[PDB]
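To start, the structure itself, in C-alpha cells.
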Amino acid sequence: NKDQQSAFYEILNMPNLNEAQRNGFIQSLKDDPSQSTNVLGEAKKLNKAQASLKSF
Amino acid sequence: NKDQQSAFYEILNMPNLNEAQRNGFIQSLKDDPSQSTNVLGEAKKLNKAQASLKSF
Amino acid sequence: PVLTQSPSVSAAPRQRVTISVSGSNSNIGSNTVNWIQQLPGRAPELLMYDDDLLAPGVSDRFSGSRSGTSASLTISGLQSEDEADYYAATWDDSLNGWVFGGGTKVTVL
Amino acid sequence: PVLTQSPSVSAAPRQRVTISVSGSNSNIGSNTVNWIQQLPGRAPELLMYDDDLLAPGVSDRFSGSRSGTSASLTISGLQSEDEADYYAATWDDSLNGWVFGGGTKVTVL
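Chains as they are written, first to last, in our numbering: chain A, 1097 to 1152; chain B, 1097 to 1152; chain C, 33 to 141; chain D, 33 to 141.
What follows is the structure in C-alpha cells.
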C-alpha cells in the first residue's frame, strides 16, 4: 500500500536508528499495516532521540 | 463503607492469592471503593484459578 | 497432558504471537481457561484467568480468549523477558480436577 | 550536567524505583525527555524516548513521565539485570543542543 510501503522505506532510511530498532518497527508494520502512521511516528521520534547519543 | 469493608476482609482471607495480587485488589478498592463488587468478583475468580498452580 | 497446545515458536522482538490450546467438552468446553507462565528457573505464575482477565501487575500486551473447546493467549509487542514456557490450565469435569496443556515455549530471537 | 538527577539508589529485587530529573523551561519544560541506560561496560543505549515510549525490545516494566520542568523513569519489578547507570537527555532551546543529567546509578541488592 502506497502509504504503508512508504513507511517501510522511510524507516529503512532513518539514519540514526540501529538495526534492532529498525527491525522492531518493521515487525510492528508487518503485524498491523493499518498502524503505519503510528509506527512511522514512533520511528521518527526514536530517530530524533537517537541523535542525542552522538552528543552523549 | 460497610459493604466495601466486607469486600476488603474477604479478599484478605482468600487463601490462594499471593501478596502482590491481594495488594493489587486492595489498592483497586482504595482507588475507587465503588468498584468493590467488581474487584471482589475478580479476586474470587483469581483465588479459584490460583488453586490450579498447586496442581501444576 | 490432557490439553493439546500449539508447538513452540521462535519470534522477533515486537512480533505478535498466539499460543493456542484445544480440549474437550468436559474441560475447555464447559470451564474457563487460565494461562500460566514459567520463566527459566522461576516459579510458575498465573498471567491470565477466567479466559480473558489479566492477573494484577501483568502487562496488557497479553490477551486471552475462549471459543468452543479451544482457547488462546496472544502476546503483542514481544520482548526478551517474555521468553518462557506457557501452559493452559482448566478444570475438567470428568477428572474432577485440573488439567493442563503440555506447554509452548516462546523463544525471543 | 545541565540537568539535575535524583541521587543514586539501592533497592531490593521486586521493588519499584523511580529516577527523577529536573531542568528549566528551555529544556524539559518545552521538550520531551529520553532515558539512556548504560549497563556496566556496555555502550549507552536508549531505553525510553518521547517521555513515555519504549524503544523496541525494552521491557514495559519501565515507564516514563514528564510534568512541567521535571521527568521520571520508573522501574517496576526491579530485577538484578536492571543494575545500571541511567541518564536523562533532552533538547535545550537556549543552547540549541542536547543537554543531559549527571546520571543515576541503580544498585540491585
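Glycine is no exception: its CB is placed at the ideal position from the N, C-alpha and C atoms.
| Check | Outcome |
| --- | --- |
| For D:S112 and C:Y118, I'd like the C-alpha separation in whole angstroms. | 23 Å |
| Checking 9 Å against the spacing of the C-beta atoms, do D:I60 and D:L35 come in under that value? | yes |
| I believe D:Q37 touches D:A120 by the beta-carbon criterion, under 8 Å. Please report the beta-carbon distance rounded to the nearest angstrom. | 6 Å |
| Report the neighbours of C:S91 on chain D: residues whose CB is nearer than 7 Å to its CB, in chain order. | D92 |
| With which residues is C:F132 paired in a DSSP beta bridge? | C:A121 |
| So, with DSSP's three-state summary, where would you put D:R98? | strand |
| Determine, using beta carbons only, whether A:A1145 comes closer than 9 Å to chain D. | yes |
| Measure the beta-carbon distance from C:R93 to A:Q1123 and round it to whole angstroms, keeping in mind my assumption that it falls under 8 Å. | Contact doesn't hold; Cβ gap of about 14 Å is too wide. |
| What number of angstroms, rounded off, separates the C-alpha of C:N63 from the C-alpha of C:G134? | 18 Å |
| Counting only the same chain and skipping the five closest in sequence on each side, list residues whose C-beta sits under 8 Å from that of A:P1129. | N1097 and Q1100 |
| Quick one: residues in its chain with C-beta nearer than 8 Å to the C-beta of A:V1135, no 5 flanking neighbours on either side, listed in chain order? | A1103, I1107, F1121, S1124 and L1125 |
| How is the beta strand (DSSP E) around A:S1124 delimited, first residue to last? | Careful: A:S1124 lies outside any beta strand (DSSP E), inside the alpha helix (DSSP H) at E1115 to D1127. |
| Check whether the Cβ atoms of A:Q1117 and A:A1147 sit closer than 9 Å, and answer yes or no. | no |
| Would you report the Cα separation of A:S1151 and D:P76, rounded to the nearest angstrom? | 12 Å |
| If you compare alpha carbons, which of C:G100, C:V41 and C:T106 is closest to C:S91? | C:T106 |
| Is the CB-CB distance between C:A43 and C:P72 below 9 Å? | no |
| State yes or no: is the beta carbon of C:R48 nearer than 9 Å to at least one beta carbon in chain A? | yes |
| Closer than 8 Å, Cβ to Cβ, to anything on chain D: give me those residues from the stretch 63-97 of chain C, in chain order. | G89, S91 and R93 |
| Which of the three DSSP states is assigned to C:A75 in this structure? | coil |
| Please return the same chain residues whose Cβ sits closer than 7 Å to the Cβ of C:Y81, not counting the five positions on each side in sequence. | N66 and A87 |
| Among the candidates C:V49, C:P33, C:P39 and C:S40, whose CA atom is the shortest distance from the CA of C:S108? | C:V49 |
| Give every residue of the same chain whose Cβ lies closer than 6 Å to the Cβ of D:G55, excluding the five residues on either side of it in the sequence, and list them in chain order. | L35 and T101 |
| Considering only the alpha carbon of each residue, which of C:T122, C:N128 and C:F132 lies closest to B:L1142? | C:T122 |
| Identify whether D:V41 lies in helix, strand or coil by the three-state DSSP scheme. | strand |
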